[PDB]
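Coming up is one lone chain in structure tokens, specifically the form deposited in one PDB entry.
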């Protein structure tokens, strides 16, 4: 297997540079509000000219402006970013039938049907970079290796506007030398957890008794890290099929009033059924988040598919059960659907 990973560079701000080329080479900051329009918002992303002086993703725009008051600040245009992304993903599909779209700016390709060496993989990567630049004026970073994990790590090491191969020998080296915290799927927790078990590299997981790891981080992760460390990881490039689909919305205030909560619950159902599309669930859960941010949840499985009308009627019954069996005030409410037909 040869896997190629593509990560679009500083994507939202780069799209703004493409739609207004006069911006290129000057600081550009894309602002995100998350529906909270009474303030200045936050930096969604900034181009490298802005990052150079400390304007980085996540900081409040009021703080960014104290650093670069004369940068160009643009509110997010999510629908445009999504459209440009979708067009680029379509360009990538021409290079492989085996593609996994991981996010709005990330895709994996299994290119094993077209190349079986890294020199030609690199050439294919160059062609992809040129094609996306030609057609959409977007620069990207390409990572190439023997599996998804090292392909992503390769792109992380090479961005922006990069291309990097991690060949078989470099994989072996990284298994010994790469900080296990930089492995995809390992957050701040887990990382600290296995640092307390003496594990700092992928190779270290081979000198623990397995159940000790497993006990700390769980069976799935343990198997994951060990298979990486043994250089046996080979997960296919494929469209991920969800096991559940849902939506949980925040109410304007705490409530324990059924009639007050219902419109929110119904909104969650409508949004969920849009997401479901042609998928038909046989199970429904109602999920309540209490004011202290705990979860209370109740599910039902049917021997048949759930119509939207049954989703409405059953969700109220489940919510009624939640209200009867727990005394806490509810702040967020929604539904999750699972057990899909076919």
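Positions refer to the first chain, counted from 1.
As listed in the deposited structure, the average C-alpha B-factor of 187-195 and of 147-155 is greater for 187-195. Per-stretch averaging of Cα B factors for 62-70 and 47-55 places 62-70 on top. Of all the options 163, 206, 107, 251, the entry's greatest CA B-factor is assigned to 206. Taking the PDB entry at face value, the top CA B factor among 86, 239, 272, 139 belongs to 239. In the PDB entry, residue 95 places in the middle third of its chain by CA B-factor.
Per-chain ranking of the deposited C-alpha B factor places residue 122 in the middle third.
In this PDB entry, residue 244 carries a Cα temperature factor that places it within the middle third of its chain's modelled residues. In this PDB entry, residue 265 carries a Cα temperature factor that places it within the middle third of its chain's modelled residues. Placement of the Cα temperature factor of residue 225 within the chain: highest third of the modelled residues, per the deposited record.
From this point on, the text means the form deposited in another entry, which you will not see here.
Each of residue 286 and residue 225 is a member of a different rigid part in the two-part motion between this form and the one not shown.
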